[PDB]
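Only one chain is shown below, in structure tokens, and it's the form deposited in one PDB entry.
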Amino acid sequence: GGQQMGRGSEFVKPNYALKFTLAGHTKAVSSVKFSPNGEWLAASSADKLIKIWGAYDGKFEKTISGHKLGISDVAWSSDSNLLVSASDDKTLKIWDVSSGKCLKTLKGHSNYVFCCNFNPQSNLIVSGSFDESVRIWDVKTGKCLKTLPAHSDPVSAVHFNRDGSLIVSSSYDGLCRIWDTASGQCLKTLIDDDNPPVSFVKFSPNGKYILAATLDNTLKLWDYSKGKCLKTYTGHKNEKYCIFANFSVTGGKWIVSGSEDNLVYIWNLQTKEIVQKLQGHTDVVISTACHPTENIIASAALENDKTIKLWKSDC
């Protein structure tokens, strides 16, 4: 599995090793995200709470409460000062991180809100729901700016590209779709050979590619411009849950994802070989996040486990 970087780094391999286990959620953990400034790690949970820990030392920071039901997803503003969370109570909430207070409650979805993201500028929030729609929301006012009749099944993931001009969404309907932020037009529907449910999607950091997980145990790298699947990553287990995947970019070039056999998988992005599997969790690893500047992975597991783990590597 060796990966080529610069001279004398011809065969780089990651060596992620467990550094902290973060206990305190009382149900399944649903989503972990590092603050873009790298200082914090937030985890949402089916226990209706968001918790924040220090990303480097694993020290408990705060619990943020007020949703009436479980939280499926959480996302940071670009300045690390706000969180948005997506809840079974049909709302999103915007939080002031420093105070822990709810700033806005975004109402409009008619079923569970399952996924959320700020755009890079962080004036907007995008959401996907069991109501089969993608919504775009004004952060400052609270208003739903657009409701996109996006899919014919629950929306599994939503994500803006590097400049915010595009949203990618995914759905158990088998489709990945790309939407013009400004017009709300569907620009593209991407789908392969076969039509398994699409359980996760996100743009690459440069916005040129799309990583999509499908519930047939497959992650795929797509070129957005050409509509072509370039790479496939397999060997992990994903047939049931909406599991987050990631580009890891701070050391070697890896794809990182959770798996239903309780492991974190890490693949060489270029050759598609598995380079590492991280043991430790005792239930499905539903979420992984890659730290924005250090080789740090956060992982989180479902009901039988209830922990987040922080893992560190030399590359």
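A residue's number is simply how far along the shown sequence it sits, counting from 1.
Note that the form deposited with a partner chain bound isn't included here; everything after this is about it.
- Contact annotation for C115: at least one heavy atom lies within 4.5 Å of its partner chain in the bound PDB entry.
- Proximity of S156 to its partner chain in the bound PDB entry falls within the 4.5 Å heavy atom cutoff.
- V134 falls outside the set of residues with a heavy atom inside 4.5 Å of its partner chain in the bound PDB entry.
- Among residues of the shown chain, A28 is one whose heavy atoms approach its partner chain to within 4.5 Å in the bound PDB entry.
- The single contact residue among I125, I71, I167, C176, judged by any heavy atom lying within 4.5 Å of its partner chain in the bound PDB entry, is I71.
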